[PDB]
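The next block holds one structure in the form of structure tokens; read it before the comments.
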Amino acid sequence: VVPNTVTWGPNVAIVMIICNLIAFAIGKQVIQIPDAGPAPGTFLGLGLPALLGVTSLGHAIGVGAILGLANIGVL
Amino acid sequence: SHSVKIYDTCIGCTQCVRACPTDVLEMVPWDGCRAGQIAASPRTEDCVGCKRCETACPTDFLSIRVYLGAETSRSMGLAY
Amino acid sequence: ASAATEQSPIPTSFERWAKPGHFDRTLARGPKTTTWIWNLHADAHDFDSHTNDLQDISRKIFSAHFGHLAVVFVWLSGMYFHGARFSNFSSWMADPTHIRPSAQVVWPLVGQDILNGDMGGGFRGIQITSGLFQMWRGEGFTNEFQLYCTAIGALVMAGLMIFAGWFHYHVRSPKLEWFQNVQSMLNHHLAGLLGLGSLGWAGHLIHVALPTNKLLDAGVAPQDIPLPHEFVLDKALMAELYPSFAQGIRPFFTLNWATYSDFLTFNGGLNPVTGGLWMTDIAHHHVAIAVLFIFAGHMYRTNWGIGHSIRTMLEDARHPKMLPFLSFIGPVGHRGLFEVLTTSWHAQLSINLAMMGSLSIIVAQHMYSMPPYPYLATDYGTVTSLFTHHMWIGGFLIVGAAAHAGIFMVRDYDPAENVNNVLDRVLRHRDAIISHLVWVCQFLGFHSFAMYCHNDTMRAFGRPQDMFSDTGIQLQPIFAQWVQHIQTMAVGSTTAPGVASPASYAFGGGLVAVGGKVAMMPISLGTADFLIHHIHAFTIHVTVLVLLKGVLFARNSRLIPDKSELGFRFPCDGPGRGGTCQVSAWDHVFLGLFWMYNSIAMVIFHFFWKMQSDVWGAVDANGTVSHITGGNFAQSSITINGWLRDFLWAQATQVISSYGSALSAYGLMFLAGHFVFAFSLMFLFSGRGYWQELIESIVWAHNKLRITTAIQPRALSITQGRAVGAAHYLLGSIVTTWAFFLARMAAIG
Amino acid sequence: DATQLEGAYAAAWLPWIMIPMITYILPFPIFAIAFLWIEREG
Amino acid sequence: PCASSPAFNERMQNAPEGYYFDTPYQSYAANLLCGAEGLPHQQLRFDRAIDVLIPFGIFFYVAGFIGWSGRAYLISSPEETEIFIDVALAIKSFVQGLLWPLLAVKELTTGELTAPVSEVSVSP
Amino acid sequence: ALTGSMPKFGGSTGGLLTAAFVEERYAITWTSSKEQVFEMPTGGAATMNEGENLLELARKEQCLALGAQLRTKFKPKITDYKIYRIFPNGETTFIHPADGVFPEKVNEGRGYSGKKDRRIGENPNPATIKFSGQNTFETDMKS
Amino acid sequence: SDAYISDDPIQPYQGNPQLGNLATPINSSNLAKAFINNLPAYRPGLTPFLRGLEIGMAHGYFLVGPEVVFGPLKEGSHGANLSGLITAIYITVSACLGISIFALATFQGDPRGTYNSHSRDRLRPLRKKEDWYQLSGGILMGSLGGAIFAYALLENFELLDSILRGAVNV
Ligand code: CLA
Ligand SMILES: CC1=C(/C=C/C(C)=C/C=C/C(C)=C/C=C/C=C(C)/C=C/C=C(C)/C=C/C2=C(C)CCCC2(C)C)C(C)(C)CCC1
Ligand SMILES: CC1=C(C/C=C(\C)CCC[C@H](C)CCC[C@H](C)CCCC(C)C)C(=O)c2ccccc2C1=O
Ligand code: SF4
Ligand code: SF4
Ligand code: SF4
Ligand SMILES: [Ca+2]
Ligand SMILES: [Cl-]
């Protein structure tokens, strides 16, 4: 009835990190990057706004991917 | 065509001529008022009948009257 | 100070109150005639005419918004106070199936306390149809003291809202650069107003409403229920109800969300006990849309580089960057539209009114079929009133959208600003738009209404095999029937395995009956439904024709090439060119008000008759449903005579036979609406010169008695006579339908 | 009883032909004659 | 009469009492004239002469009061006194408006209630 | 025969129709000091070229609406526009300004064409011109 | 600035921006023009009688069907086909009487509107009254024939059905 969904184990932290790094890989190709604010470009290219946006999209992708993989047995 | 008549109570203020959208009216010398001008309506074949000239007239009663007459394709304002 | 954007002048003076017309230069001249009195209220709020600076107008608009919010809070305070002092809310809380909601008692004056009807429980009052009781039950209210507290809070908010409007104009008013920050405004409204608002309401539901409603559905008496803060305070009491609250807020951060699947359900049906939607399913909805709206609020670049710029997105939507078949909008596209929408308040108001009216109509269509409050669907007067009210509000708002799209054209449109863009290119082929709208309105008018006339003629001939009936020439709406079948197949144990029930039982599924009466059941769509939906399409299209014609030809036409110089609200341009009466955009708003009436009246009539003959009824012990009018929509609503006999003549039995009863005020208002409708026709059919020439004789009779007045009495102007006729027609014709609906639903349930 | 139109009166075949002539046979010729009369030029 | 009317008692002895039928069905039935439907009919006879004078004659006083207050306020005026009702001149035209009955017959004979035919604008 | 570049415009549905070519067309010519956007009387926005412009319109009222826009919506004003009437045989006739000044001014030589030495309230009342053909303003006396 | 300075899909009609039309893909693409210009109303070179004949054949053919399916005689095959045939006949004779009286009223001296000698309408190429009378005669002939061809195919539908199922090869 409900889509499985596991708790949290090293397998869940891996998927949440591999999805946060894919977010960093694709978020280097944005425009108006390193937009000062705080730590203007002190996050390997990205500033603090861009790091927070990349990690927020990474968390979103991670929650979606983790719940999908937990639904279908793989996780 | 409509008939636009101008009467001797005209004071030559030009406001009827300025309000005409189709250029029916113009000013002609008169020496019948102290402005020295009176309106005239030669191109009354162009008159649509909007009566903007009558709205612009300050005299009581109006020194300009439009009498809507035989309708032509110009007085009906038809672009078709 | 915190953003360095205020320092507003306009000192709070009192002397500027005894000089009406101070806003307009000609209004502060000296009255002279009576037209000035009516001109005072014709452009009192039009801040665009008063001044010329956009920043001063924006400041005025902001403070007017605050004052409006204050007015709405006063109204909310009054409704909560009426539910806390002059209501049977506690009695209805005890028995919400046998007690009639009432929140208004009449003073014992001349014949007057007959309107106080017996509402069940010994309460003598007026049966309210606003749905306040059903709303308060769903929110979590159990006693009247909580309603009194909410009333006091709303009154305090109203005082606070009238201080924020005086402080943001007379003390520290914003600059124009603050108002033009559409990126920041969209970010905050999307994430902080909608997102955080629905998140806070989801918190309320999860901790107040879901507890109270669960105990209420279990059977607990309303004052045997704990107050909401105990539900918040101790987690043992709350874990008795839900076993997912024993793990606290831990499964959420460790992403074990199926732990929470007993108060965030995804059932998707109706509560059998109440009749309303599943409350857990509602809370899950608000959680999901909070996560969606907050995430949507991080879209527009504000001060940090990341984001979109709406100006860039607008300027890039153009050929050759479009889809190849959508490339007809040319190489400019939406280039000058960001400067249209950040400098014109009328353009924004037009869009927002169109969306607000459309969304009010969507609210009307989603709350009869998915009743979102407990014991809402079974109170048929409330369902009728809510649907009808929101349809009327939506139609009026949509007409105002066209009104302000026309005010933008005459005043705020600049040809040099927007050249060969989508706005210029629409004005540059509007004959094609309007002529195709004329043809589609004609096609729809023959293929909806003339089919009804065909049916009348065939039924009067005695040849019903030749009719457009379900027994004659069938016109089944196969596409909507197929959508209904897809909606009931989707929810199987498919394409939506998570949901158990159908999203509404209107599509299919089963029958929800509460207290004997039907809450919801499948709405079968036959030939009568095909015919009435094409009536709806036709009327909406002619309304669009009337309104769009005035918007598109507000600047100029082939008849009057300088119509923008004449204004937005002018009567005519004389009897020439054949007679140019009602050529303004305002006169098109005038003529579209009638067409919105004619469109929304048929929608509310379709709803009333179809729901009353094919949904609402009385389930017996076995399960047989005896509908209110008896399933006569499928055979009587296909002729005009059956609409006049089986709907208007038959269902107005309760409003004209109401004299001497407690519904007698409805009969009085039925007759009053007929009076005001007929009285409107004096202003609509007659013209101004007759009345001015009759006032001449009346002024002569006054001069003879030496009762002459300084303010010279003049007839109402041409557009004012039109506005008065339209207002009277709409008021009387809507009061009539209101009395008819409400007397009918308060007598046969 | 009445499966079709009848006439219980003298020359009852006359409605049968008179209603077509007056109502949908001769009218469009009359409309054409009147249209040609109102659209003829001087 | 309403007291002896045989049809007027079927609305007497079967009706809500309240305070709109109990202290109103009496004084009414004592001094009215009902027909055959049990309904008071307003008659115009010699007995009504001292009955219909209190609606007819006492309305004439208050109507003439309003019409003479609207006159005496408006002769002493000038397009701002109609917008902003001058309360002092309003009280001055109310005090004189009380005894307007006398003032009205003190205007017709003096010829200052009616205007001349050549001092009032007309039309063609 | 008429000099001027057509203004830069994408076309519209509000332009010339059959009656333009079977009854009459009008043309307006004007000189602009710069290339700039004006509003077409037919709907839309066109761009006038620097120098001499020539535009064909369907009505004289459209040509006069454009001319009123030229001399009021632009700084510096465009007051040198000329309006011509074009006939189906090609014949062009200079109509505005009829004289060569501008009707709003007063030129010595124009001549009376609507003047009736009366005072309106003294036309011959219609009981006397019944079966005559004249109607009450196309007369000569004063009663 | 941008008013006809960029090259867009929508052009002025015939390169003239002061004409009351636009060159859109529906009136100016090669597919739309290839279809419309080769319809009998517009096909180059045809005599008006042959234009009208083909227009009528196509028209009288489909005009039989609506009354065959939906008419008062639809409960029986023979009467339904006859009601459709006479409906097509009546609509044809009315439409051709209209074509004849249009030509009679329009072409009086130099006509007014699109049939004036100075007219530039490309969409109305029958400039003479002789074209209109030949068209009326052709539309009448073709439409009455196409109507009775549809009637004859519907009357013999039992035979045409047994033929197209090979039931005649026994
Ligand atoms: C019942 C009254 C009535 C009727 C029949 C109409 C009909 C029409 N209105 Mg209208 N209107 C009305 C009341 C009515 N209005 C009122 C009360 C107002 C007050 C504000 C308006 C204001 C209004 C506006 C502003 C507009 C219309 C428009 C239209 C036309 C819509 C197009 C269409 O439906 O094609 C179908 C035609 C009909 C439905 C008419 C009846 C046809 C019958 C059923 C068939 C007749 C059979 C056969 C031909 C008879 C031949 C017999 C022979 C002897 C002659 C249409 C002719 C709009 C328009 O022009 O659309 C393009 C337009 O913009 N109306
Ligand atoms: C647009 C289009 C379309 C449509 C089309 C259509 C519309 C159709 C049709 C059709 C039709 C509508 C056809 C028809 C036809 C016909 C015919 C084929 C005819 C005939 C005939 C005949 C053969 C006759 C004969 C005769 C005569 C003449 C004489 C004597 C008698 C007889 C009979 C012998 C589509 C989309 C699809 C695609 C393409 C394009
Ligand atoms: C009746 C009518 C009038 C006449 C209506 C008028 C003059 C308005 C009526 C309002 C009255 C005159 C109220 C004003 C009276 C004063 C305000 C005094 C009222 C007393 C209170 C202060 C108690 C028009 O002017 C008109 C114009 C165009 C189309 C149709 C019509 C039309 O039908
Ligand atoms: S009626 Fe109009 S067009 Fe005729 S002269 Fe007067 S203003 Fe000019
Ligand atoms: S507006 Fe009247 S007064 Fe002035 S010039 Fe024209 S006719 Fe004479
Ligand atoms: S009738 Fe009235 S609205 Fe029409 S043209 Fe004359 S004055 Fe204008
Ligand atoms: Ca039959
Ligand atoms: Cl019927």
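Read-outs throughout are calculated quantities, based only on the coordinates presented, and are distinct from any laboratory measurement. Virtual Cβ from ideal backbone geometry, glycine too; neighbours counted across all protein chains shown.
Residue by residue, here is whether (1) over 30 Å from C:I718 (Cα atoms); (2) more than 21 Å from the chain's Cα centre (by Cα) holds:
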| site | (1), (2) |
| --- | --- |
| C:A585 | no, yes |
| C:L593 | no, no |
| C:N598 | no, no |
| C:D614 | yes, yes |
| C:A621 | yes, yes |
| C:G631 | yes, yes |
| C:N641 | yes, yes |
| C:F647 | yes, yes |
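No other residue among E:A63, E:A72 is touching a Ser or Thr at 6+ places or on another chain (Cβ under 9 Å) and either in a helix (DSSP H, G or I) or under 30 Å from F:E122 (Cβ atoms) (or both) apart from E:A72.
Restricting segment G:119-170 to residues that are within 11 Å of ligand 2 (Cβ to nearest atom) and over 19 Å from the mean Cα position of the chain (by Cα), which is nearest to F:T18 (Cα to Cα)? Among those that are within 11 Å of ligand 2 (Cβ to nearest atom) and over 19 Å from the mean Cα position of the chain (by Cα), it is G:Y151. The residue of segment G:51-78 that is nearest to ligand 5 (Cβ to nearest atom), among those that are within 13 Å of G:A152 (Cα to Cα) and among the small types (G, A, S), is G:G60. All of C:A528, C:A513 fail the test of being surrounded by fewer than 23 Cβ atoms within 10 Å (Cβ to Cβ) and away from ligand 5 (no atom under 16 Å from the Cβ), apart from C:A513. Taking residues in segment C:571-582 that are at the interface with chain B (Cβ under 7 Å from one of its Cβ atoms), and partners anywhere that are near ligand 6 (Cβ under 7 Å from one of its atoms) and not charged (D, E, K, R), the pairs with Cβ atoms closer than 6 Å and at least 6 places apart or on different chains are C:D573/C:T580. Filtering segment F:111-132 to residues that are surrounded by fewer than 14 Cβ atoms within 10 Å (Cβ to Cβ) and within 13 Å of chain B (Cβ to nearest Cβ) leaves F:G111, F:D117, F:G121, F:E122, F:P126.
Considering each residue of segment C:14-44, count those that are within 12 Å of another protein chain (Cβ to nearest Cβ) and acidic (D, E), and give that number. Qualifying residue count, segment C:14-44: 0.
For segment C:691-706, the count of residues that are more than 16 Å from ligand 4 (Cβ to nearest atom), touching a helix residue (DSSP H, G or I) at 6+ places or on another chain (Cβ under 7 Å) and within 19 Å of C:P571 (Cβ to Cβ) is zero. Just one of the listed residues (C:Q134, C:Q112) is surrounded by fewer than 17 Cβ atoms within 10 Å (Cβ to Cβ) and not acidic (D, E), namely C:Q112.
Within this structure, B:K5 fails the test of being closer than 26 Å to F:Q69 by Cβ and facing another protein chain (nearest Cβ under 7 Å). Quickly run through segment C:171-184 and pick out the residues that are loosely packed, with under 15 Cβ neighbours inside 10 Å and more than 30 Å from the chain's Cα centre (by Cα). Correct list: C:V171, C:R172, C:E177.
Restricting to segment G:53-73, what's the tally of residues that are more than 9 Å from ligand 2 (Cβ to nearest atom), assigned to a helix (DSSP H, G or I) and surrounded by fewer than 18 Cβ atoms within 10 Å (Cβ to Cβ)? Going through segment G:53-73 one residue at a time, the tally reaches 4.
A residue that is small (G, A, S) and either in a helix (DSSP H, G or I) or within 16 Å of ligand 4 (Cβ to nearest atom) (or both) occurs nowhere in segment G:116-132.
With respect to E:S118, is the statement that it is within 14 Å of chain C (Cβ to nearest Cβ), surrounded by fewer than 15 Cβ atoms within 10 Å (Cβ to Cβ) and assigned to a helix (DSSP H, G or I) true? The answer is yes for E:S118. Each residue in segment G:16-25 was checked for being within 9 Å of chain F (Cβ to nearest Cβ) and over 20 Å from C:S557 (Cβ atoms), and 2 of them qualify.
Scanning segment C:472-494 for residues that are part of a loop (DSSP other than H, G, I, E, B) and away from chain G (no Cβ under 14 Å), we see that the one that is farthest from ligand 3 (Cβ to nearest atom) is C:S493. Does segment C:351-373 contain any residue that is away from chain A (no Cβ under 14 Å), in contact with a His (Cβ under 6 Å, 6 or more places away or on another chain) and not in a helix (DSSP H, G or I)? Among the residues of segment C:351-373, not one is away from chain A (no Cβ under 14 Å), in contact with a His (Cβ under 6 Å, 6 or more places away or on another chain) and not in a helix (DSSP H, G or I), which makes the answer no. Could we say that C:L644 is farther than 30 Å from C:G125 by Cα, surrounded by fewer than 18 Cβ atoms within 10 Å (Cβ to Cβ), within 16 Å of ligand 1 (Cβ to nearest atom) and more than 14 Å from chain E (Cβ to nearest Cβ) here? Yes: the conditions hold for C:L644. Taken together, C:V514, C:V544 contain a single residue that is closer than 21 Å to C:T274 by Cα and of a type in the set (A, V, I, L, M, F, W, C), which is C:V514. Checked against the criterion of being more than 8 Å from chain C (Cβ to nearest Cβ), in contact with a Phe, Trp or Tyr (Cβ under 9 Å, 6 or more places away or on another chain), surrounded by 15 or more Cβ atoms within 10 Å (Cβ to Cβ) and part of a helix (DSSP H, G or I), the candidates A:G53, A:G58 yield just one match: A:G58. Scanning segment G:88-113 for residues that are assigned to a helix (DSSP H, G or I), under 19 Å from G:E130 (Cβ atoms) and facing chain D (nearest Cβ under 10 Å) yields a count of 8. Within segment D:31-42, the set of residues being more than 8 Å from chain G (Cβ to nearest Cβ) and either within 14 Å of G:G98 (Cβ to Cβ) or in a loop (DSSP other than H, G, I, E, B) (or both) comprises D:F31, D:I33, D:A34, D:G42. In a loop (DSSP other than H, G, I, E, B), away from chain C (no Cβ under 14 Å), over 24 Å from the mean Cα position of the chain (by Cα) and surrounded by 10 or more Cβ atoms within 10 Å (Cβ to Cβ) - does that describe any residue in segment E:81-88? Looking for residues that are in a loop (DSSP other than H, G, I, E, B), away from chain C (no Cβ under 14 Å), over 24 Å from the mean Cα position of the chain (by Cα) and surrounded by 10 or more Cβ atoms within 10 Å (Cβ to Cβ), one finds none in segment E:81-88, hence no. Taking segment C:540-570 as the range and being within 16 Å of ligand 6 (Cβ to nearest atom) and within 13 Å of chain B (Cβ to nearest Cβ) as the test, the residues that pass are C:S557, C:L559, C:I560, C:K563, C:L566, C:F570. Filtered by the rule that a residue be touching a strand residue (DSSP E or B) at 6+ places or on another chain (Cβ under 8 Å), hydrophobic (A, V, I, L, M, F, W, C) and within 11 Å of chain C (Cβ to nearest Cβ), segment B:33-76 gives B:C47, B:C53, B:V66.
Only residues that are exposed (fewer than 13 other Cβ atoms within 10 Å of the Cβ) and part of a loop (DSSP other than H, G, I, E, B) were counted in segment A:8-27, giving 1.
Mind checking whether some residue in segment D:8-17 is of a type in the set (F, W, Y) and more than 18 Å from the chain's Cα centre (by Cα)? Yes; the residues of segment D:8-17 include at least one that is of a type in the set (F, W, Y) and more than 18 Å from the chain's Cα centre (by Cα). Taking the criterion of being of a type outside the set (S, T, N, Q) and loosely packed, with under 13 Cβ neighbours inside 10 Å, the residues of segment E:8-19 that qualify are E:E10, E:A15, E:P16, E:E17, E:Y19.
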